[PDB]
């Protein structure tokens, strides 16, 4: 199966990736389109999102005796691992609501690695936006929840959540991304993205990758004497440029105007030097364009 459509994918990928790389504005258009599409959907279904999210706390009796156990160094002991509440009540719910949009068609293309949510989003809006280049994009959305004890202004991303330059030299070969040296104010690390900047499906469909991050932020009610629960406080939305934009054109990752866009992640010295996660600073990403947004969900 590996070789059946390989030549056609190879030829199309290389011709199309060059075009994308030389015309960064097209990718930026569809990336902002994806971002604003999530913002719209969260806005149009705010009560539902908050209700199904916060419902986890009301269902407390059903899981109180079997909560996810604490993990990490020195847990304070008053928080409940809230990872899956944001993943389902926010992340999965959004995937369904996006597909219910009148003009949008969703296709779950099989891939062995990647973010929480992945799907080919096809729509006539993308066709005009890209002036006929394509009518589809590969949505790569990952939910990153935090409480009042972690930073609400960063993103810690795994290699499988970032795309690179994706050179594909020879046919019998494949896409390869260059290692990147992340230099922060005090430390540095290597970061190697594993995702290609775009995909070409076996039927010739051109699917530039659009990386979106949804960051639900909960409040710890217990921080207030005798109150209980971890309620939906806000949701940050962030668009991270695909690999061509980050490392090729306009090369945001190397622009002095945006120093420390990337910084060392949370992986410890026991992790493989090539699988370490990287941080993206939302305060800097906020300067390269209308890439970040905050929605108040505490109402």
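Positions refer to the first chain, counted from 1.
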item: 86-94 set against 223-231, stretch whose average Cα temperature factor tops the other in the entry; value: 223-231
item: Residue range whose averaged C-alpha B-factor is higher in the record, 146-154 or 198-206; value: 146-154
item: Candidate residues 272, 54, 65, 239, the one whose C-alpha B factor the record puts highest; value: 272
item: Selection by C-alpha B-factor (highest) of 122, 79, 170, 161; value: 170
item: Third of the chain, ranked by Cα B-factor, where residue 28 sits; value: middle
item: Within-chain third of residue 185 by Cα B-factor, per the entry; value: highest
item: Chain third (lowest, middle, highest) by recorded CA B-factor, residue given as residue 40; value: middle
item: Position of residue 214 among the chain's modelled residues by C-alpha B-factor, lowest, middle or highest third; value: lowest
item: Relative C-alpha B-factor of residue 71, binned into the chain's lowest, middle or highest third; value: lowest
